[PDB]
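Report on the structure given below.
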Amino acid sequence: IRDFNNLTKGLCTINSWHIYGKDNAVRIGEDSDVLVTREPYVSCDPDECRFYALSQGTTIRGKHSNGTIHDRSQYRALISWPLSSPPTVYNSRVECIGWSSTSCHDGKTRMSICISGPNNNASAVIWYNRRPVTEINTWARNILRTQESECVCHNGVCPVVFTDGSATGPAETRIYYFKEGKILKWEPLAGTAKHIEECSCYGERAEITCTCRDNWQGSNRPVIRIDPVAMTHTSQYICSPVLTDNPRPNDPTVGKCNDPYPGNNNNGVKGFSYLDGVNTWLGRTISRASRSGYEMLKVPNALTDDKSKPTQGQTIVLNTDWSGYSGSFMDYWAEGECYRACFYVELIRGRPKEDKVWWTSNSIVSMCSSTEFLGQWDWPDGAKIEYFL
Amino acid sequence: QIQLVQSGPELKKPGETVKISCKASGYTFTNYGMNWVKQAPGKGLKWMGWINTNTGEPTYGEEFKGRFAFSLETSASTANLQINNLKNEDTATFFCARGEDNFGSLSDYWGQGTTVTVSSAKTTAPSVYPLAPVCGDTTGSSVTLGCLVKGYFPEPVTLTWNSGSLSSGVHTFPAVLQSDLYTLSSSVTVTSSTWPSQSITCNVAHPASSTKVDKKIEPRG
Ligand SMILES: *[C@@H]1O[C@H](CO)[C@@H](O[C@@H]2O[C@H](CO)[C@@H](O[C@@H]3O[C@H](CO)[C@@H](O)[C@H](O[C@H]4O[C@H](CO)[C@@H](O)[C@H](O)[C@@H]4O[C@H]4O[C@H](CO)[C@@H](O)[C@H](O)[C@@H]4O[C@H]4O[C@H](CO)[C@@H](O)[C@H](O)[C@@H]4O)[C@@H]3O)[C@H](O)[C@H]2NC(C)=O)[C@H](O)[C@H]1NC(C)=O
Ligand SMILES: *[C@@H]1O[C@H](CO)[C@@H](O)[C@H](O)[C@H]1NC(C)=O
Ligand SMILES: *[C@@H]1O[C@H](CO)[C@@H](O)[C@H](O)[C@H]1NC(C)=O
Ligand SMILES: [Ca+2]
């Protein structure tokens, strides 16, 4: 659309979740040429939505897929492919090179940010309208990292959070505000979260909100609210005792708002939440211990009340199937009064758990908010690790 | 919370097949898969495999493929183990645990076990004898009585001094196998004031062959 976007609506009433799109990438990859991806996200253009993910430069079935469990290699790009098609060697478009990304569209065209390099000489290049325009070196030389999901723009301004430093320590997270590709401004992490890792975001009423990972000492979730106009921000935790990170302790009756709810150490998983008062929904794995299942629970006022519980659920995928990363996205350009809220779930396959195959790849599964209360299905990746042997 | 109960402990001679059950109280069967662990009086705990109580997908640890079969009676929220062409090597106690996650890496909650004894021996009900003392200062202001349960097969044997009500003072020993059968002992030290004033008794149920004795310990002194 020839004019930048504004976030002018609020969320629609989230009463159940319908299916939006699921590629069956791993089921199709026992016989077409699908690339091994990991870390998916889905982000829309004014004209189409498309799945994204980091590639590993090899197909599921080809010999170089052995060891795609390694997060970082100079063979990974951010690639897009049409909704619910597989990332296949032939329909996949490359966006930019490197091992951590984040991309979003500003109303006019799209930005895409790729981070690359060795852990202590890594570098970000912010592409905008498929041309490189800015580069950022590491500020702390320890695996410089950005969102792994859709970033969000308002009036030409798209906040990105980055983190460089350790996911065990204090690390140095830093919020940037780009416009048309250039560094407008940036800010150090302000507010109460201990460590910020890997956020997923959304926008409503001129506010960009983000749910993230406390990989340091938190089983609850640091949340960052950004004012795109003031180019300013806070961090805090989700008050609700329903813990969404994973691994997890049992859920308290009273969680904690301003510090990491403790129990688990140096471990997390990327995840999201829609924080909108009575109409709040928190996604989390069904497993306490590992990436199995995905549940969506209505927990009214979860961000604020430190004693909040579910009033309604929805299982996205059974505990006896596998889950993984999750982040949010919205069709910002979509006719209506409000924003249909949506999310994706990475279905991870292979190693380390299904170790009989030497690879690790995944599937997208994805849902969006239905105001009617629709019946539920649960949505398995679907492949049999035994046909690849 | 989750309350898995398992079937009673069988005696099956080499060659046969036994049905071992786990019945799921507590959770919603379908969203948590069943784990089966073997505990020999040897190694300690062994994973035999999982059962996806949703589709029925079974996974078996190498030593278990083929003679073993995890199955379910869904409806009953029951999971079953089946050992076919039974070896005396399978003589052990098995568990169903509940897999927290997909595949059953953690096992939150375990049933109480089911002990199989693979053996050709005959069920020989016991002879129960009341062991009462000839005389002597048993430590001080106290008297021990005893009871021997010789002749039974197979274990278990449930002993109780006076209907359960006599508790403080019992030391029931383990059974020990001499060749074909078991022999057992239990001691109960009572106060000098309690006996033969009150009525001490050695109540014995041999579940295995319907035997239940109550020898009284008459003074015989
Ligand atoms: C047709 O389709 C419709 C629409 O899809 C179906 O209706 C939906 O069906 C759902 C299942 O019944 C129902 O969800 C439930 O809603 C209640 C509200 O009254 C909510 O509390 C439930 O949430 C718990 O349940 C799941 C397990 O079933 C848990 O895995 C989840 O964590 C929630 O439990 C935990 O929450 C609290 C804090 O943790 C505790 O109170 C609770 O004990 C529990 O703790 C354990 O679990 C945690 C993770 O598993 C763990 O961290 C912790 O340590 C503990 O281990 C659930 O959402 C939907 O509300 C319902 N929706 C609608 C509109 O109806 C309908 O039934 C279908 N009908 C037919 C014919 O098919
Ligand atoms: C976006 O909103 C700003 C005010 O925040 C306005 O000046 C601008 O022209 C708007 N652009 C569009 C396409 O709505
Ligand atoms: C590749 O896979 C093979 C078996 O297919 C395995 O033995 C080998 O160690 C794997 N890794 C590398 C670097 O070759
Ligand atoms: Ca965490």
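Just the heavy atoms: all of them, side chains too, but no hydrogens, waters or symmetry mates, feed the values below. In what follows, every chain begins at residue 1, and chains take the letters A, B, ... in the order their sequences are listed. Indexing begins at 1, ligand by ligand and atom by atom, following the structure's order.
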- Could you tell me whether the SG atom of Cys151(A) lies less than 2.5 angstrom from the SG atom of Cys104(A)?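 Yes, the SG atoms sit under 2.5 Å apart.
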- Task: Evaluate whether the separation between SG of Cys210(A) and SG of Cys201(A) stays below 2.5 angstrom.
- Result: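 The answer is yes, since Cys201(A) and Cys210(A) bring their SG atoms under 2.5 Å apart.
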- Aromatic centroids of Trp36(B) and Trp50(B) separated by under 6.0 Å: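 For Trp50(B) and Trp36(B), the ring centres are not under 6.0 Å apart.
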- Query: Given the side-chain rings of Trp110(B) and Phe95(B), with only the six-membered ring counted for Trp, is the space between their centroids under 6.0 Å?
  - Reply: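 When the ring centroids of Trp110(B) and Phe95(B) are compared, they turn out to be within the sub-6.0 Å range.
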Considering the heavy atoms of [X], write down every atom of ligand 1 situated less than 4.0 Å from one of them.
X         : answer
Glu295(A) : 26 (C), 29 (C), 30 (O), 31 (C), 32 (O)
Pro310(A) : 21 (O)
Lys309(A) : 38 (C)
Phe373(A) : 64 (C)
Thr311(A) : 18 (C)

- Task: Determine the minimum heavy-atom distance between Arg76(A) and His70(A), stating which atoms define it.
- Result: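 Shortest heavy-atom separation between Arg76(A) and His70(A) comes out as NE-O, 4.1 Å.
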N/O of [X] under 3.5 Å from N/O of ligand 1, yes or no?
X         : answer
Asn250(A) : yes
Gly375(A) : no
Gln376(A) : yes

- Query: Between the side chain of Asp106(A) and the main-chain N/O of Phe4(A), is any donor-acceptor distance below 3.5 Å?
  - Reply: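 Flag not set: sc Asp106(A) to bb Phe4(A) has no pair under 3.5 Å.
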- Would you please classify the geometry between the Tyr202(A) ring and the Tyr274(A) ring as parallel, tilted or perpendicular, with 30° and 60° separating the classes?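 Plane angle between 30° and 60°, so tilted.
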- Task: For the residue pair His105(A) and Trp333(A), categorise the inter-ring angle as parallel (less than 30°), tilted (30 to 60°) or perpendicular (more than 60°).
- Result: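 If you compare the ring of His105(A) with that of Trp333(A), the planes turn out perpendicular.
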Ligand 3 N/O to protein N/O, distances under 3.5 Å:
{"residue": "ligand 3", "atom": "2 (O)", "partner": "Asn66(A)", "partner atom": "OD1", "Å": "3.2"}
{"residue": "ligand 3", "atom": "2 (O)", "partner": "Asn66(A)", "partner atom": "ND2", "Å": "2.5"}
{"residue": "ligand 3", "atom": "11 (N)", "partner": "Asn66(A)", "partner atom": "ND2", "Å": "2.8"}
{"residue": "ligand 3", "atom": "14 (O)", "partner": "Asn66(A)", "partner atom": "ND2", "Å": "3.4"}

- Contact check: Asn6(A) vs ligand 2, nitrogen or oxygen atoms, below 3.5 angstrom: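 Indeed, backbone or side chain, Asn6(A) has an N or O that close.
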- Decide whether the shortest distance between a heavy atom of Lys298(A) and an atom of ligand 1 is less than 4.0 Å.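 In this structure, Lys298(A) fails to qualify as a contact of ligand 1 - no heavy atom is under 4.0 Å.
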- For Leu374(A), is the nearest heavy atom under 4.0 Å from an atom of ligand 1?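 Yes.
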- Message: On a heavy-atom basis, I'd like to know which of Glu372(A), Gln312(A), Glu100(B) is closest to atom 64 (C) of ligand 1.
- Response: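 Looking at heavy atoms only, the winner is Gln312(A).
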- Considering the heavy atoms of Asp3(A), write down every atom of ligand 2 situated less than 4.0 Å from one of them.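 Counting from 1, the qualifying ligand atoms are 13 (C).
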